[PDB]
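Okay, structure-v3.json now, which holds JSON, C-alpha atoms (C1' of nucleotides):
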[["chain", "number", "residue", "atom", "x", "y", "z"],
["A", 61, "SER", "CA", 15.21, 27.31, 14.56],
["A", 62, "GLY", "CA", 11.87, 28.74, 15.71],
["A", 63, "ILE", "CA", 9.91, 26.24, 13.64],
["A", 64, "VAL", "CA", 7.40, 23.97, 15.36],
["A", 65, "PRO", "CA", 5.60, 21.25, 13.32],
["A", 66, "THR", "CA", 1.93, 21.68, 12.33],
["A", 67, "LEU", "CA", -0.42, 18.75, 12.97],
["A", 68, "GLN", "CA", -2.14, 17.61, 9.74],
["A", 69, "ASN", "CA", -4.12, 14.45, 10.46],
["A", 70, "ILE", "CA", -5.21, 12.49, 13.56],
["A", 71, "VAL", "CA", -6.53, 8.89, 13.34],
["A", 72, "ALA", "CA", -8.52, 7.40, 16.23],
["A", 73, "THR", "CA", -10.46, 4.31, 17.24],
["A", 74, "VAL", "CA", -13.71, 4.04, 19.23],
["A", 75, "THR", "CA", -15.69, 1.03, 20.46],
["A", 76, "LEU", "CA", -19.46, 1.55, 20.19],
["A", 77, "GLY", "CA", -20.12, -1.69, 22.07],
["A", 78, "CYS", "CA", -22.99, -3.06, 20.02],
["A", 79, "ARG", "CA", -23.55, -4.68, 16.64],
["A", 80, "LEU", "CA", -24.77, -2.50, 13.81],
["A", 81, "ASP", "CA", -26.96, -3.01, 10.76],
["A", 82, "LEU", "CA", -24.96, -1.19, 8.12],
["A", 83, "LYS", "CA", -27.75, -0.78, 5.58],
["A", 84, "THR", "CA", -29.81, 0.85, 8.34],
["A", 85, "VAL", "CA", -26.94, 3.06, 9.40],
["A", 86, "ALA", "CA", -26.17, 4.15, 5.82],
["A", 87, "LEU", "CA", -29.84, 4.70, 5.11],
["A", 88, "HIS", "CA", -30.49, 6.87, 8.14],
["A", 89, "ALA", "CA", -27.33, 8.92, 8.29],
["A", 90, "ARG", "CA", -27.37, 12.33, 6.55],
["A", 91, "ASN", "CA", -23.89, 11.89, 5.03],
["A", 92, "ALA", "CA", -23.17, 8.21, 4.48],
["A", 93, "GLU", "CA", -21.77, 5.91, 1.75],
["A", 94, "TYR", "CA", -22.01, 2.12, 1.80],
["A", 95, "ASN", "CA", -21.08, -0.31, -0.95],
["A", 96, "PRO", "CA", -20.56, -3.81, 0.66],
["A", 97, "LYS", "CA", -18.85, -4.97, -2.56],
["A", 98, "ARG", "CA", -16.03, -2.40, -2.25],
["A", 99, "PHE", "CA", -15.41, -2.08, 1.52],
["A", 100, "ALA", "CA", -17.13, -3.54, 4.56],
["A", 101, "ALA", "CA", -17.95, -0.31, 6.41],
["A", 102, "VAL", "CA", -20.23, 2.69, 6.19],
["A", 103, "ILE", "CA", -18.20, 5.75, 5.34],
["A", 104, "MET", "CA", -19.93, 8.48, 7.33],
["A", 105, "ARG", "CA", -18.98, 12.20, 7.47],
["A", 106, "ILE", "CA", -19.80, 15.27, 9.57],
["A", 107, "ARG", "CA", -19.12, 18.91, 8.81],
["A", 108, "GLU", "CA", -17.85, 20.06, 12.17],
["A", 109, "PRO", "CA", -15.17, 19.08, 12.95],
["A", 110, "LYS", "CA", -14.63, 18.04, 9.32],
["A", 111, "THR", "CA", -13.84, 14.33, 9.59],
["A", 112, "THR", "CA", -14.62, 10.92, 8.09],
["A", 113, "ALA", "CA", -15.59, 7.76, 10.04],
["A", 114, "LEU", "CA", -15.34, 4.12, 8.96],
["A", 115, "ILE", "CA", -18.17, 2.30, 10.76],
["A", 116, "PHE", "CA", -18.16, -1.49, 11.07],
["A", 117, "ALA", "CA", -20.84, -4.11, 11.84],
["A", 118, "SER", "CA", -18.94, -5.15, 14.99],
["A", 119, "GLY", "CA", -19.59, -1.68, 16.31],
["A", 120, "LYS", "CA", -15.94, -0.65, 16.05],
["A", 121, "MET", "CA", -15.26, 2.68, 14.41],
["A", 122, "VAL", "CA", -12.20, 4.42, 12.94],
["A", 123, "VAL", "CA", -12.30, 8.26, 12.89],
["A", 124, "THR", "CA", -9.83, 10.17, 10.69],
["A", 125, "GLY", "CA", -9.16, 13.61, 9.20],
["A", 126, "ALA", "CA", -9.02, 15.71, 12.34],
["A", 127, "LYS", "CA", -6.25, 18.34, 12.79],
["A", 128, "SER", "CA", -6.27, 18.32, 16.60],
["A", 129, "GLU", "CA", -6.74, 15.79, 19.41],
["A", 130, "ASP", "CA", -9.69, 17.87, 20.68],
["A", 131, "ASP", "CA", -11.34, 17.77, 17.30],
["A", 132, "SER", "CA", -10.80, 14.02, 17.13],
["A", 133, "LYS", "CA", -12.59, 13.27, 20.44],
["A", 134, "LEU", "CA", -15.30, 15.83, 19.61],
["A", 135, "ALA", "CA", -16.07, 14.38, 16.19],
["A", 136, "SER", "CA", -15.94, 10.85, 17.66],
["A", 137, "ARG", "CA", -18.54, 11.66, 20.32],
["A", 138, "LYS", "CA", -20.65, 13.19, 17.51],
["A", 139, "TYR", "CA", -20.53, 10.06, 15.38],
["A", 140, "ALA", "CA", -21.51, 7.98, 18.40],
["A", 141, "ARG", "CA", -24.55, 10.24, 19.04],
["A", 142, "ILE", "CA", -25.66, 9.75, 15.39],
["A", 143, "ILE", "CA", -25.54, 5.98, 15.83],
["A", 144, "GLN", "CA", -27.64, 6.36, 19.04],
["A", 145, "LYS", "CA", -30.11, 8.65, 17.28],
["A", 146, "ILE", "CA", -30.54, 6.01, 14.59],
["A", 147, "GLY", "CA", -31.51, 3.63, 17.38],
["A", 148, "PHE", "CA", -28.68, 1.34, 18.44],
["A", 149, "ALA", "CA", -27.52, 0.76, 22.03],
["A", 150, "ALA", "CA", -24.14, 2.37, 21.33],
["A", 151, "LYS", "CA", -21.77, 3.74, 23.94],
["A", 152, "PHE", "CA", -18.81, 6.10, 23.49],
["A", 153, "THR", "CA", -15.90, 4.02, 24.79],
["A", 154, "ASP", "CA", -12.24, 3.32, 24.36],
["A", 155, "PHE", "CA", -11.37, 6.50, 22.52],
["A", 156, "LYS", "CA", -7.69, 6.21, 21.56],
["A", 157, "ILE", "CA", -5.53, 8.15, 19.11],
["A", 158, "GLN", "CA", -3.51, 5.66, 17.00],
["A", 159, "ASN", "CA", -1.63, 7.93, 14.60],
["A", 160, "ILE", "CA", -0.65, 11.63, 14.40],
["A", 161, "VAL", "CA", 0.86, 13.21, 11.28],
["A", 162, "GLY", "CA", 2.74, 16.53, 11.32],
["A", 163, "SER", "CA", 4.65, 18.68, 8.85],
["A", 164, "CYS", "CA", 6.87, 21.75, 8.58],
["A", 165, "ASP", "CA", 9.31, 23.71, 6.43],
["A", 166, "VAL", "CA", 12.95, 24.37, 7.41],
["A", 167, "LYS", "CA", 13.31, 26.95, 4.64],
["A", 168, "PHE", "CA", 16.50, 25.57, 3.03],
["A", 169, "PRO", "CA", 17.28, 22.76, 0.51],
["A", 170, "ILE", "CA", 18.68, 19.46, 1.78],
["A", 171, "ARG", "CA", 21.36, 17.09, 0.41],
["A", 172, "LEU", "CA", 19.47, 13.79, 0.63],
["A", 173, "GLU", "CA", 22.24, 11.61, -0.75],
["A", 174, "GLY", "CA", 24.74, 12.92, 1.81],
["A", 175, "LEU", "CA", 22.24, 12.42, 4.64],
["A", 176, "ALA", "CA", 21.43, 8.89, 3.43],
["A", 177, "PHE", "CA", 25.16, 8.03, 3.35],
["A", 178, "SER", "CA", 25.78, 9.55, 6.79],
["A", 179, "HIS", "CA", 22.67, 8.17, 8.48],
["A", 180, "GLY", "CA", 22.56, 4.98, 6.48],
["A", 181, "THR", "CA", 21.13, 2.63, 9.09],
["A", 182, "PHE", "CA", 18.07, 4.84, 9.70],
["A", 183, "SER", "CA", 17.70, 6.10, 6.14],
["A", 184, "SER", "CA", 16.18, 4.76, 2.97],
["A", 185, "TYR", "CA", 16.47, 6.79, -0.20],
["A", 186, "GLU", "CA", 15.57, 5.61, -3.70],
["A", 187, "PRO", "CA", 14.73, 8.88, -5.64],
["A", 188, "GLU", "CA", 13.57, 6.93, -8.68],
["A", 189, "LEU", "CA", 11.03, 5.06, -6.54],
["A", 190, "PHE", "CA", 9.95, 7.94, -4.31],
["A", 191, "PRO", "CA", 11.66, 11.41, -4.16],
["A", 192, "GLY", "CA", 11.79, 11.71, -0.36],
["A", 193, "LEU", "CA", 14.19, 10.18, 2.14],
["A", 194, "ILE", "CA", 12.53, 7.85, 4.69],
["A", 195, "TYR", "CA", 14.16, 8.31, 8.08],
["A", 196, "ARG", "CA", 13.29, 5.80, 10.81],
["A", 197, "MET", "CA", 14.09, 7.41, 14.17],
["A", 198, "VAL", "CA", 14.82, 5.17, 17.18],
["A", 199, "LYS", "CA", 13.85, 7.50, 20.08],
["A", 200, "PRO", "CA", 11.16, 8.59, 19.66],
["A", 201, "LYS", "CA", 10.05, 5.89, 17.20],
["A", 202, "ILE", "CA", 8.85, 8.22, 14.45],
["A", 203, "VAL", "CA", 9.12, 8.02, 10.66],
["A", 204, "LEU", "CA", 10.14, 11.19, 8.80],
["A", 205, "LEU", "CA", 9.86, 11.87, 5.06],
["A", 206, "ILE", "CA", 12.57, 14.37, 4.11],
["A", 207, "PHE", "CA", 12.48, 16.29, 0.84],
["A", 208, "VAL", "CA", 15.09, 18.26, -1.17],
["A", 209, "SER", "CA", 12.91, 21.36, -0.80],
["A", 210, "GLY", "CA", 13.20, 21.35, 2.97],
["A", 211, "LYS", "CA", 9.59, 20.27, 3.58],
["A", 212, "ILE", "CA", 9.39, 17.61, 6.35],
["A", 213, "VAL", "CA", 6.68, 15.03, 7.18],
["A", 214, "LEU", "CA", 6.61, 13.26, 10.61],
["A", 215, "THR", "CA", 4.29, 10.31, 11.30],
["A", 216, "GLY", "CA", 3.73, 7.25, 13.50],
["A", 217, "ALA", "CA", 3.18, 9.27, 16.71],
["A", 218, "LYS", "CA", 0.74, 8.34, 19.51],
["A", 219, "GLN", "CA", 1.34, 11.64, 21.33],
["A", 220, "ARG", "CA", 1.99, 15.20, 20.09],
["A", 221, "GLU", "CA", 5.30, 15.49, 22.03],
["A", 222, "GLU", "CA", 6.80, 12.70, 19.92],
["A", 223, "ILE", "CA", 6.24, 14.79, 16.75],
["A", 224, "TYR", "CA", 7.88, 17.74, 18.51],
["A", 225, "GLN", "CA", 10.68, 15.54, 19.91],
["A", 226, "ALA", "CA", 11.61, 14.05, 16.56],
["A", 227, "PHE", "CA", 11.82, 17.40, 14.77],
["A", 228, "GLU", "CA", 14.04, 18.83, 17.54],
["A", 229, "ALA", "CA", 16.24, 15.79, 17.11],
["A", 230, "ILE", "CA", 16.34, 15.96, 13.30],
["A", 231, "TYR", "CA", 16.90, 19.75, 12.89],
["A", 232, "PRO", "CA", 20.69, 19.70, 13.56],
["A", 233, "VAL", "CA", 21.04, 16.93, 10.98],
["A", 234, "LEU", "CA", 19.02, 18.77, 8.35],
["A", 235, "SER", "CA", 21.26, 21.82, 9.00],
["A", 236, "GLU", "CA", 24.42, 19.79, 8.54],
["A", 237, "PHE", "CA", 23.12, 18.74, 5.10],
["A", 238, "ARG", "CA", 21.80, 22.04, 3.78],
["A", 239, "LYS", "CA", 22.52, 23.39, 0.26],
["A", 240, "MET", "CA", 22.28, 27.18, 0.93],
["B", 1, "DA", "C1'", -10.74, 36.40, -54.38],
["B", 2, "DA", "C1'", -11.66, 37.14, -49.67],
["B", 3, "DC", "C1'", -13.73, 36.10, -45.39],
["B", 4, "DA", "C1'", -15.73, 33.13, -42.10],
["B", 5, "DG", "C1'", -16.48, 28.83, -39.95],
["B", 6, "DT", "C1'", -15.27, 24.29, -38.68],
["B", 7, "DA", "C1'", -12.13, 20.71, -37.68],
["B", 8, "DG", "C1'", -7.85, 18.91, -36.23],
["B", 9, "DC", "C1'", -3.64, 19.04, -33.81],
["B", 10, "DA", "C1'", -0.68, 20.49, -30.23],
["B", 11, "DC", "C1'", 0.31, 22.18, -25.78],
["B", 12, "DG", "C1'", -0.61, 22.92, -21.06],
["B", 13, "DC", "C1'", -2.68, 21.88, -16.79],
["B", 14, "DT", "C1'", -4.92, 18.81, -13.47],
["B", 15, "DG", "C1'", -5.43, 14.34, -11.48],
["B", 16, "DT", "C1'", -3.71, 9.85, -9.90],
["B", 17, "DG", "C1'", 0.43, 6.16, -9.55],
["B", 18, "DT", "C1'", 4.82, 5.78, -5.94],
["B", 19, "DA", "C1'", 5.68, 6.26, -0.01],
["B", 20, "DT", "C1'", 4.64, 7.00, 5.84],
["B", 21, "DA", "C1'", 1.92, 6.01, 9.96],
["B", 22, "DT", "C1'", -2.16, 4.16, 12.13],
["B", 23, "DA", "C1'", -7.08, 1.41, 13.42],
["B", 24, "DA", "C1'", -11.06, -1.45, 11.83],
["B", 25, "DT", "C1'", -12.64, -6.84, 9.89],
["B", 26, "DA", "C1'", -13.96, -10.49, 6.58],
["B", 27, "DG", "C1'", -12.30, -12.02, 2.42],
["B", 28, "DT", "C1'", -8.98, -13.92, -0.98],
["B", 29, "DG", "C1'", -4.94, -16.33, -2.23],
["B", 30, "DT", "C1'", -1.37, -19.57, -1.55],
["B", 31, "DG", "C1'", 0.59, -23.59, 0.37],
["B", 32, "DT", "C1'", 0.43, -28.04, 2.33],
["B", 33, "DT", "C1'", -1.55, -32.41, 3.13],
["B", 34, "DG", "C1'", -4.36, -36.22, 2.02],
["B", 35, "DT", "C1'", -6.71, -39.19, -1.03],
["B", 36, "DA", "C1'", -7.45, -41.39, -5.30],
["B", 37, "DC", "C1'", -6.08, -43.16, -9.62],
["B", 38, "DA", "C1'", -2.88, -45.00, -12.79],
["B", 39, "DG", "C1'", 42.21, -54.26, -32.34],
["B", 40, "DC", "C1'", 44.25, -58.38, -30.71],
["B", 41, "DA", "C1'", 44.58, -63.14, -28.48],
["B", 42, "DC", "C1'", 43.26, -66.17, -25.34],
["B", 43, "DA", "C1'", 40.15, -67.13, -21.43],
["B", 44, "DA", "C1'", 35.73, -69.12, -19.63],
["B", 45, "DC", "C1'", 30.29, -70.19, -19.76],
["B", 46, "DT", "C1'", 26.41, -72.11, -21.69],
["B", 47, "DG", "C1'", 23.84, -74.66, -24.91],
["B", 48, "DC", "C1'", 23.07, -78.61, -27.66],
["B", 49, "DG", "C1'", 23.70, -83.26, -28.92],
["B", 50, "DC", "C1'", 24.79, -87.93, -28.07]]
Please lay out the structure from this file as structure tokens.
Amino acid sequence: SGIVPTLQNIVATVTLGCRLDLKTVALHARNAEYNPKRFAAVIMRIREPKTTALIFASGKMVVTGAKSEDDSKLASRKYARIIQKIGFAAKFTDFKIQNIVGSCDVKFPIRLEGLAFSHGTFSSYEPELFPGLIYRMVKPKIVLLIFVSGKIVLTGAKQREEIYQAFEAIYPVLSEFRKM
DNA sequence: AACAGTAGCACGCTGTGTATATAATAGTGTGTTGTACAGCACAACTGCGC
């Protein structure tokens, strides 16, 4: 082994606590998009940490694109400050990470059909529909996308340890189904 | 007759469908409920006439 998964995307939610006028928000923000007809939220962005926020009239906000939990909270506080600077009585509350995505490379090809047959109740593999095997782990409850190349995607985690836990649990199985 | 330029065709590369999680919230679609409108031979009935 020796491989440890790399975090790729962190999704979080934040309650600003006050109602927002989206045209005002979009108008005053330096990096905003807002087309009511397409989606009901201002799509705001900041350069550091590089992230994207979906800002709603209710004052709720979704922050995505961060590569670390630190970066997620940091960028979230920053978006909240922007809203304040524009003039609303916003508050940075209820910061919570909802989804963590990770990925790695085991460095060997995998026999997906064998794995799907062996771990049938957790696996779903339809190569004509999507080339990767969808593995639904029980403990921890994580979803893994397994590819012939040996590249692995882990998602559905609320905490970093779950990403790490799942990979540790899957590695022996990937080894059992290697090609070379 | 030869050379240069322009147009057309073919090939290669980049971008967007499929799948995973996860939050946000008002809309859109579907289903259900309510209201309104549109071959014998003999056996029995029944029908007609006295």
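The coordinates place atom CA of residue 160 of chain A at 16.1 Å from atom CA of residue 199 of chain A.
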Give one line per residue of chain A that approaches chain B to at most 10 Å, naming the two atoms of the closest pair and their distance in Å to one decimal, counting all atoms listed in the file; sort by chain then ascending residue number and deliver it as JSON lines.
{"residue": "A:70", "atom": "CA", "partner": "B:22", "partner_atom": "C1'", "distance": 9.0}
{"residue": "A:71", "atom": "CA", "partner": "B:22", "partner_atom": "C1'", "distance": 6.6}
{"residue": "A:72", "atom": "CA", "partner": "B:23", "partner_atom": "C1'", "distance": 6.8}
{"residue": "A:73", "atom": "CA", "partner": "B:23", "partner_atom": "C1'", "distance": 5.9}
{"residue": "A:74", "atom": "CA", "partner": "B:23", "partner_atom": "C1'", "distance": 9.2}
{"residue": "A:99", "atom": "CA", "partner": "B:26", "partner_atom": "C1'", "distance": 9.9}
{"residue": "A:100", "atom": "CA", "partner": "B:25", "partner_atom": "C1'", "distance": 7.7}
{"residue": "A:101", "atom": "CA", "partner": "B:24", "partner_atom": "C1'", "distance": 8.8}
{"residue": "A:114", "atom": "CA", "partner": "B:24", "partner_atom": "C1'", "distance": 7.6}
{"residue": "A:115", "atom": "CA", "partner": "B:24", "partner_atom": "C1'", "distance": 8.1}
{"residue": "A:116", "atom": "CA", "partner": "B:24", "partner_atom": "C1'", "distance": 7.1}
{"residue": "A:117", "atom": "CA", "partner": "B:25", "partner_atom": "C1'", "distance": 8.9}
{"residue": "A:118", "atom": "CA", "partner": "B:25", "partner_atom": "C1'", "distance": 8.3}
{"residue": "A:119", "atom": "CA", "partner": "B:24", "partner_atom": "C1'", "distance": 9.6}
{"residue": "A:120", "atom": "CA", "partner": "B:24", "partner_atom": "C1'", "distance": 6.5}
{"residue": "A:121", "atom": "CA", "partner": "B:24", "partner_atom": "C1'", "distance": 6.4}
{"residue": "A:122", "atom": "CA", "partner": "B:23", "partner_atom": "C1'", "distance": 6.0}
{"residue": "A:123", "atom": "CA", "partner": "B:23", "partner_atom": "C1'", "distance": 8.6}
{"residue": "A:124", "atom": "CA", "partner": "B:23", "partner_atom": "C1'", "distance": 9.6}
{"residue": "A:156", "atom": "CA", "partner": "B:23", "partner_atom": "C1'", "distance": 9.5}
{"residue": "A:157", "atom": "CA", "partner": "B:22", "partner_atom": "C1'", "distance": 8.7}
{"residue": "A:158", "atom": "CA", "partner": "B:22", "partner_atom": "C1'", "distance": 5.3}
{"residue": "A:159", "atom": "CA", "partner": "B:22", "partner_atom": "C1'", "distance": 4.5}
{"residue": "A:160", "atom": "CA", "partner": "B:21", "partner_atom": "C1'", "distance": 7.6}
{"residue": "A:161", "atom": "CA", "partner": "B:21", "partner_atom": "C1'", "distance": 7.4}
{"residue": "A:188", "atom": "CA", "partner": "B:18", "partner_atom": "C1'", "distance": 9.2}
{"residue": "A:189", "atom": "CA", "partner": "B:18", "partner_atom": "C1'", "distance": 6.3}
{"residue": "A:190", "atom": "CA", "partner": "B:18", "partner_atom": "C1'", "distance": 5.8}
{"residue": "A:191", "atom": "CA", "partner": "B:19", "partner_atom": "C1'", "distance": 8.9}
{"residue": "A:192", "atom": "CA", "partner": "B:19", "partner_atom": "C1'", "distance": 8.2}
{"residue": "A:193", "atom": "CA", "partner": "B:19", "partner_atom": "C1'", "distance": 9.6}
{"residue": "A:194", "atom": "CA", "partner": "B:20", "partner_atom": "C1'", "distance": 8.0}
{"residue": "A:195", "atom": "CA", "partner": "B:20", "partner_atom": "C1'", "distance": 9.9}
{"residue": "A:202", "atom": "CA", "partner": "B:21", "partner_atom": "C1'", "distance": 8.5}
{"residue": "A:203", "atom": "CA", "partner": "B:20", "partner_atom": "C1'", "distance": 6.7}
{"residue": "A:204", "atom": "CA", "partner": "B:20", "partner_atom": "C1'", "distance": 7.5}
{"residue": "A:205", "atom": "CA", "partner": "B:20", "partner_atom": "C1'", "distance": 7.2}
{"residue": "A:213", "atom": "CA", "partner": "B:20", "partner_atom": "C1'", "distance": 8.4}
{"residue": "A:214", "atom": "CA", "partner": "B:20", "partner_atom": "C1'", "distance": 8.1}
{"residue": "A:215", "atom": "CA", "partner": "B:21", "partner_atom": "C1'", "distance": 5.1}
{"residue": "A:216", "atom": "CA", "partner": "B:21", "partner_atom": "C1'", "distance": 4.2}
{"residue": "A:217", "atom": "CA", "partner": "B:21", "partner_atom": "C1'", "distance": 7.6}
{"residue": "A:218", "atom": "CA", "partner": "B:22", "partner_atom": "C1'", "distance": 9.0}
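Atom CA of residue 84 of chain A is found 25.9 Å from atom CA of residue 126 of chain A.
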Given 6 Å of margin on each side, can you work out the centre and size in Å (one decimal) of an axis-aligned box holding every listed atom of segment 200-208 of chain A, as AutoDock Vina command-line options?
--center_x 12.0 --center_y 12.1 --center_z 9.2 --size_x 18.2 --size_y 24.4 --size_z 32.8
Could you produce a table of the residues of segment 140-231 of chain A lying within 10 Å of segment 130-136 of chain A, with the nearest pair of atoms per residue and their separation in Å rounded to one decimal, using all atoms listed in the file, ordered by chain and increasing residue number, as CSV?
residue,atom,partner,partner_atom,distance
A:140,CA,A:136,CA,6.3
A:141,CA,A:136,CA,8.7
A:152,CA,A:136,CA,8.0
A:153,CA,A:136,CA,9.9
A:155,CA,A:133,CA,7.2
A:156,CA,A:133,CA,8.7
A:157,CA,A:132,CA,8.1
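Here atom CA of residue 224 of chain A and atom CA of residue 239 of chain A stand 24.1 Å from one another.
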Please write as a short mmCIF file (atom, residue, chain, number, x, y, z; two decimals) with C-alpha atoms, keeping the file's coordinate frame the list of polymer residues whose atoms come within 6 Å of (17.6, 21.8, 5.0), counting only C-alpha atoms (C1' of nucleotides) and keeping to the coordinates of the file.
data_model
loop_
_atom_site.label_atom_id
_atom_site.label_comp_id
_atom_site.auth_asym_id
_atom_site.auth_seq_id
_atom_site.Cartn_x
_atom_site.Cartn_y
_atom_site.Cartn_z
CA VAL A 166 12.95 24.37 7.41
CA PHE A 168 16.50 25.57 3.03
CA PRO A 169 17.28 22.76 0.51
CA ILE A 170 18.68 19.46 1.78
CA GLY A 210 13.20 21.35 2.97
CA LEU A 234 19.02 18.77 8.35
CA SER A 235 21.26 21.82 9.00
CA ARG A 238 21.80 22.04 3.78
#
May I have the residues at most 8 Å from (0.3, 20.1, 14.6) in the file's coordinates, counting all atoms listed in the file, as a PyMOL selection string? chain A and resi 65-68+127-128+161-163+220
Take the residues that were just selected and, keeping C-alpha atoms, output them as an mmCIF file, in the coordinates of the input.
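Once written, out30.cif looks like this:
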data_model
loop_
_atom_site.group_PDB
_atom_site.id
_atom_site.type_symbol
_atom_site.label_atom_id
_atom_site.label_comp_id
_atom_site.auth_asym_id
_atom_site.auth_seq_id
_atom_site.Cartn_x
_atom_site.Cartn_y
_atom_site.Cartn_z
ATOM 1 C CA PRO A 65 5.600 21.250 13.320
ATOM 2 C CA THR A 66 1.930 21.680 12.330
ATOM 3 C CA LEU A 67 -0.420 18.750 12.970
ATOM 4 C CA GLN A 68 -2.140 17.610 9.740
ATOM 5 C CA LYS A 127 -6.250 18.340 12.790
ATOM 6 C CA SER A 128 -6.270 18.320 16.600
ATOM 7 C CA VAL A 161 0.860 13.210 11.280
ATOM 8 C CA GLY A 162 2.740 16.530 11.320
ATOM 9 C CA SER A 163 4.650 18.680 8.850
ATOM 10 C CA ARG A 220 1.990 15.200 20.090
#
Surrounding residues of residue 86 of chain A excluding itself and chain neighbours under 3 positions, 12 Å, all atoms listed in the file, as a short mmCIF file (atom, residue, chain, number, x, y, z; two decimals) with C-alpha atoms, keeping the file's coordinate frame:
data_model
loop_
_atom_site.label_atom_id
_atom_site.label_comp_id
_atom_site.auth_asym_id
_atom_site.auth_seq_id
_atom_site.Cartn_x
_atom_site.Cartn_y
_atom_site.Cartn_z
CA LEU A 80 -24.77 -2.50 13.81
CA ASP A 81 -26.96 -3.01 10.76
CA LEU A 82 -24.96 -1.19 8.12
CA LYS A 83 -27.75 -0.78 5.58
CA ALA A 89 -27.33 8.92 8.29
CA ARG A 90 -27.37 12.33 6.55
CA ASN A 91 -23.89 11.89 5.03
CA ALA A 92 -23.17 8.21 4.48
CA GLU A 93 -21.77 5.91 1.75
CA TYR A 94 -22.01 2.12 1.80
CA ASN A 95 -21.08 -0.31 -0.95
CA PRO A 96 -20.56 -3.81 0.66
CA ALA A 100 -17.13 -3.54 4.56
CA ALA A 101 -17.95 -0.31 6.41
CA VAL A 102 -20.23 2.69 6.19
CA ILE A 103 -18.20 5.75 5.34
CA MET A 104 -19.93 8.48 7.33
CA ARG A 105 -18.98 12.20 7.47
CA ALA A 113 -15.59 7.76 10.04
CA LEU A 114 -15.34 4.12 8.96
CA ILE A 115 -18.17 2.30 10.76
CA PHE A 116 -18.16 -1.49 11.07
CA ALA A 117 -20.84 -4.11 11.84
CA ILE A 142 -25.66 9.75 15.39
CA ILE A 143 -25.54 5.98 15.83
CA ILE A 146 -30.54 6.01 14.59
#
Shell around residue 200 of chain A at 8 Å using all atoms listed in the file, local window under 3 positions removed, as an MDAnalysis selection string: chainID A and resid 197 222 225:226
Env of residue 174 of chain A: 10 Å cut, atoms = only C-alpha atoms (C1' of nucleotides), seq-sep filter 5 positions within chain, self excluded. Answer as number ranges by chain. A: 179-180, 236-238
Based on the selection just made, write C-alpha atoms of those residues as an mmCIF file, keeping the file's coordinate frame.
data_model
loop_
_atom_site.group_PDB
_atom_site.id
_atom_site.type_symbol
_atom_site.label_atom_id
_atom_site.label_comp_id
_atom_site.auth_asym_id
_atom_site.auth_seq_id
_atom_site.Cartn_x
_atom_site.Cartn_y
_atom_site.Cartn_z
ATOM 1 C CA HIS A 179 22.670 8.170 8.480
ATOM 2 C CA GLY A 180 22.560 4.980 6.480
ATOM 3 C CA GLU A 236 24.420 19.790 8.540
ATOM 4 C CA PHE A 237 23.120 18.740 5.100
ATOM 5 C CA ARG A 238 21.800 22.040 3.780
#
Got a minute to add N, CA, C and O atoms to segment 223-232 of chain A and dump it as a compact mmCIF listing (two decimals), in the coordinates of the input?
# COMPACT_ATOMS: atom_id res chain seq x y z
N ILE A 223 6.06 14.04 18.01
CA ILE A 223 6.24 14.79 16.75
C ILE A 223 7.25 15.91 17.04
O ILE A 223 8.23 16.11 16.31
N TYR A 224 7.01 16.63 18.13
CA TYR A 224 7.88 17.74 18.51
C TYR A 224 9.30 17.27 18.84
O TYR A 224 10.29 17.91 18.45
N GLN A 225 9.40 16.12 19.51
CA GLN A 225 10.68 15.54 19.91
C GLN A 225 11.56 15.19 18.72
O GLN A 225 12.76 15.53 18.67
N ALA A 226 10.94 14.50 17.76
CA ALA A 226 11.61 14.05 16.56
C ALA A 226 12.16 15.21 15.73
O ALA A 226 13.31 15.17 15.29
N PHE A 227 11.36 16.25 15.54
CA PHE A 227 11.82 17.40 14.77
C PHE A 227 13.03 18.06 15.45
O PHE A 227 14.03 18.36 14.79
N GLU A 228 12.95 18.23 16.77
CA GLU A 228 14.04 18.83 17.54
C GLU A 228 15.27 18.00 17.31
O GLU A 228 16.36 18.53 17.12
N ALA A 229 15.10 16.68 17.30
CA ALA A 229 16.24 15.79 17.11
C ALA A 229 16.79 15.79 15.69
O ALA A 229 18.01 15.68 15.50
N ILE A 230 15.91 15.95 14.70
CA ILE A 230 16.34 15.96 13.30
C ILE A 230 16.91 17.30 12.80
O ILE A 230 17.88 17.29 12.01
N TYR A 231 16.43 18.43 13.34
CA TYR A 231 16.90 19.75 12.89
C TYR A 231 18.40 19.96 12.71
O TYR A 231 18.83 20.51 11.68
N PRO A 232 19.24 19.53 13.68
CA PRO A 232 20.69 19.70 13.56
C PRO A 232 21.25 18.95 12.35
O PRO A 232 22.20 19.40 11.69
